[PDB]
Every structure is written in C-alpha cells, then in structure tokens.
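Peer 1: Right, I'll just put the structure down here and ask away after.
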Amino acid sequence: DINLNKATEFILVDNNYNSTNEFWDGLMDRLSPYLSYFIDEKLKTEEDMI
Amino acid sequence: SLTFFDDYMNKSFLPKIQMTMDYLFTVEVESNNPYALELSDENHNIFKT
C-alpha cells in the first residue's frame, strides 16, 4: 500500500521512490536479520526453518 | 531631446524583452531531472516539450 500511486505527488522519481524504500529497509534490517538468522542459526533449527 | 521613440524601445522595451524571455524560461524549469509522457519514448522531460 505504498505503490498504489496515481503517480506522482513527489514526483521523484517518476515511479521510482519505493524502490529506495524497500531498498533501504532491505539494507539496514539486512545485517540485523543476518545475525538473527546466524546467531540464531542455532535458533533457526532444522525444524520450521523449512 | 527628440527621440524618445526609441530610447526605451531602444533601452527599456528591448531589455524587458530579454528578461521577459528569461523569466519565461523560468516558467519551464519544473524541477525534474527528468520525467515525461512521450508517445514514442521516454523523452526526458516535460522540460523538453
């Protein structure tokens, strides 16, 4: 419900803004989910890791 | 001090045409590097058209 855009009231870029959003939330929370799947790989055991 | 036609049509109206053109270009700046509609292409931008 970000990219429901009758575009664009930014207009930046002409339908390229949310790419930066899920880009960056990919980036910051990536290294947190990294250790959260690495430490926390033991706490991601061979059960519902699937 | 006869002419006075031109003297403003020399000085005033010509520079007012020049700067009037300049502000008219400032009514087409639109702050976009770029975006457009362009039936054939991207055409980058509304600046162009």
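Simple scheme: letters A, B, ... for chains in structure tokens order, numbers from 1 for residues in each chain, numbers from 1 for ligands in the order shown.
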With only C-alpha atoms considered, list every residue of chain A at most 10 Å from chain B, as a list in words.
Peer 2: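 That gives residues 11, 12, 13, 14 and 15 of chain A for chain A.
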Peer 1: Just to be explicit: take each residue in the selection above, keep N, CA, C and O atoms, and write the result as an mmCIF file, in the first residue's frame.
Peer 2:
```cif
data_model
loop_
_atom_site.group_PDB
_atom_site.id
_atom_site.type_symbol
_atom_site.label_atom_id
_atom_site.label_comp_id
_atom_site.auth_asym_id
_atom_site.auth_seq_id
_atom_site.Cartn_x
_atom_site.Cartn_y
_atom_site.Cartn_z
ATOM 1 N N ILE A 11 7.565 14.426 -7.439
ATOM 2 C CA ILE A 11 7.368 13.288 -8.354
ATOM 3 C C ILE A 11 8.740 12.721 -8.606
ATOM 4 O O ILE A 11 9.353 13.001 -9.630
ATOM 5 N N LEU A 12 9.201 11.888 -7.680
ATOM 6 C CA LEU A 12 10.631 11.661 -7.510
ATOM 7 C C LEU A 12 10.854 10.241 -7.016
ATOM 8 O O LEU A 12 10.627 9.967 -5.837
ATOM 9 N N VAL A 13 11.288 9.340 -7.895
ATOM 10 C CA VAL A 13 11.356 9.561 -9.335
ATOM 11 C C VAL A 13 10.005 9.221 -9.906
ATOM 12 O O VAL A 13 9.119 8.814 -9.157
ATOM 13 N N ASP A 14 9.841 9.427 -11.216
ATOM 14 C CA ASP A 14 8.571 9.141 -11.868
ATOM 15 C C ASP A 14 8.355 7.644 -11.789
ATOM 16 O O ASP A 14 8.803 6.883 -12.652
ATOM 17 N N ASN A 15 7.652 7.256 -10.728
ATOM 18 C CA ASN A 15 7.616 5.904 -10.187
ATOM 19 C C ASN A 15 9.021 5.318 -10.036
ATOM 20 O O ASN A 15 9.371 4.307 -10.643
#
```
Peer 1: Looking at only C-alpha atoms, which of A:35, A:50, A:2, A:43 is the one that sits closest to residue 19 in chain A?
Peer 2: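 The closest residue to residue 19 in chain A is A:2.
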Peer 1: Where in chain A does DSSP assign alpha helix (DSSP H), given as an NGL selection string?
Peer 2: :A and (18-36)
Peer 1: Pick the closest to residue 37 in chain B from B:2, B:7, B:49, B:12: which is it, counting only C-alpha atoms?
Peer 2: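 Closest to residue 37 in chain B of all the choices is B:49.
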Peer 1: Find the distance between CA of residue 45 in chain B and CA of residue 30 in chain B and write it in Å to one decimal.
Peer 2: 9.6 Å
